[PDB]
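Novice:
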């Protein structure tokens, strides 16, 4: 009640006094204003020019409470818009917070961790700026214990989250040496028993694997794939989501990198993923599948062996359109690099009808994708001399009607392929 | 074929 609902001008008055305790009192009052969920007066506090004062309070070693209160107040200012975070940075908060990482008071170093997390989370520039100030060493030292379980849950969760922000964002991606420096601790967090630490550890790994093959390799070589695959089967959605994202990122790389995902036993989880109630999970799982069917023939064969083709037929038959679109890609990739037998197996699974039905979609791009898949399947049928057997299949399900109509489509690329099919296999 | 590729801030409340 003492420091509850102060006016900004009273806070300004207490902070401008030459009384450290008065300043502490005013700072707490500011912290409480900024701690409210309904429109905290962040811009009002900034306009009052209180930031430089807060920053100086960070270095008041003899008055830890005011160190804590200002750190908390600055954290919440830094949690706002880019402009508001910039204000905190502009005040010299970065080095001051990094100095607090070594505080003997756990709740104060934690607040510093939290603050740096918000600053780094703004984007690439501030992220790299926090790194240049040398935040990584002191951050990792806080996690350098024989067993993470001895750390307070909240403390560990904050450390993990802040680290994940240091791994986040592109253009540019985090510095290579920074990633290398962080990875070993990150891998360790990836094995912790706490659901929130696991979720944010997966997000970190997902950020790191979201780039060129070299970035993917840095992570893969650390041997995290088996663990990712395991977390991929976790019950918690917040864990599955980032885990799937990471696996999805990894299979966009080389065939060898993709193979590690397969060897880890990832495909066995996909019967669930491809039928998951959360559409975002279905979409990303199908997307992941499309990048696997874009692999080698022995990898396509692994997809067949795990009985995932029927699941692709299902998603193609019924699913959120965005998911169905990833399924169309999955089939086209499959038919592009697959053997004749593998492609034939596709048809026997019933891929044709659900494929034809999606030719009624208004998305020009999916029509192009489907038409290419058809071409590929006919080419496989040509080597068997059974193109006609396919023509009847497509005709009986009302596919020919749609291909014919696609000749009067408005898009150049579409009708070209349409008539090519029409006059080559249907005349 | 080829392969196709694809909260940051937290306020501390009571």
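Protein chains in written order, with UniProt numbering: chain A, 71 to 497; chain B, 3 to 8, 23 to 30.
Idealized CB from N, CA, C, for every residue including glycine.
Beta carbons nearer than 8 Å to chain C: which residues of the stretch 135-152 of chain A have them?
Specialist: This model lacks chain C altogether, as its protein chains are A and B.
Novice: I need the DSSP call for residue 208 of chain A, collapsed to helix, strand or coil.
Specialist: Residue state, collapsed to three classes: helix.
Novice: Please check the pair residue 331 of chain A and residue 317 of chain A, which I expect to be a contact at CB under 8 Å, by giving their CB distance rounded to whole angstroms.
Specialist: Right, their Cβ atoms sit about 6 Å apart.
Novice: Near residue 434 of chain A, which residues of its chain fall below 7 Å by C-beta distance, leaving aside the five closest residues on each side in sequence?
Specialist: Here the set comprises 481, 484.
Novice: CB residue 337 of chain A to CB residue 385 of chain A, shorter than 7 Å?
Specialist: Result no, Cβ atoms of residue 337 of chain A and residue 385 of chain A do not sit closer than 7 Å.
Novice: Within 7 Å of any Cβ in chain B, is that where the Cβ of residue 350 of chain A sits?
Specialist: No, its Cβ sits nowhere closer than 7 Å to a Cβ of chain B.
Novice: Going by C-alpha distance, which of A:200, A:143, A:107 is nearest residue 81 of chain A?
Specialist: Considering only alpha carbons, the answer is A:143.
Novice: In three-state DSSP terms, what is residue 500 of chain A?
Specialist: Because residue 500 of chain A is not part of the residues shown, which for chain A are 71 to 497, the question remains open.
Novice: Report, in whole angstroms, the separation of the C-beta atoms of residue 284 of chain A and residue 227 of chain A, which I expect to be a contact under 8 Å.
Specialist: Not really, about 30 Å apart at Cβ, beyond 8 Å.
Novice: Under the rule that 16 or more other beta-carbon atoms within 10 Å means buried, what is residue 246 of chain A, buried or exposed?
Specialist: By the 10 Å Cβ count, residue 246 of chain A comes out exposed.
Novice: Any C-beta of chain B sitting closer than 7 Å to the C-beta of residue 490 of chain A?
Specialist: Chain B, which has no Cβ nearer than 7 Å to the Cβ of residue 490 of chain A, makes this no.
Novice: What residue range is occupied by the uninterrupted alpha helix (DSSP H) comprising residue 76 of chain A?
Specialist: First-last for residue 76 of chain A: undefined, no H or E at that position.
Novice: Could you tell me if residue 223 of chain A is buried or exposed, where buried requires 16 or more neighbouring beta carbons within 10 angstroms of its beta carbon?
Specialist: Flag for residue 223 of chain A reads exposed.
Novice: How would you write the range of the alpha helix (DSSP H) that residue 418 of chain A sits in, first residue to last?
Specialist: Here the alpha helix (DSSP H) through residue 418 of chain A covers 410-418.
Novice: Answer yes if the stretch 213-220 of chain A comes into contact with the stretch 166-177 of chain A, meaning at least three C-beta pairs across the two stretches below 8 Å, and no otherwise.
Specialist: Touching, no, given that fewer than three Cβ pairs across the two stretches are closer than 8 Å.
Novice: Among the candidates A:86, A:90, A:78, A:117, whose CA atom is the shortest distance from the CA of residue 101 of chain A?
Specialist: Per the Cα distances, A:78.
Novice: Could you check whether the Cβ of residue 97 of chain A sits closer than 7 Å to any Cβ belonging to chain B?
Specialist: With 7 Å as the cut-off, residue 97 of chain A does not count as an interface residue toward chain B.
Novice: Run down chain B in chain order and give the residues with a C-beta less than 8 Å from the C-beta of residue 114 of chain A.
Specialist: The contacting residues do not exist; residue 114 of chain A stays about 16 Å from chain B at best.
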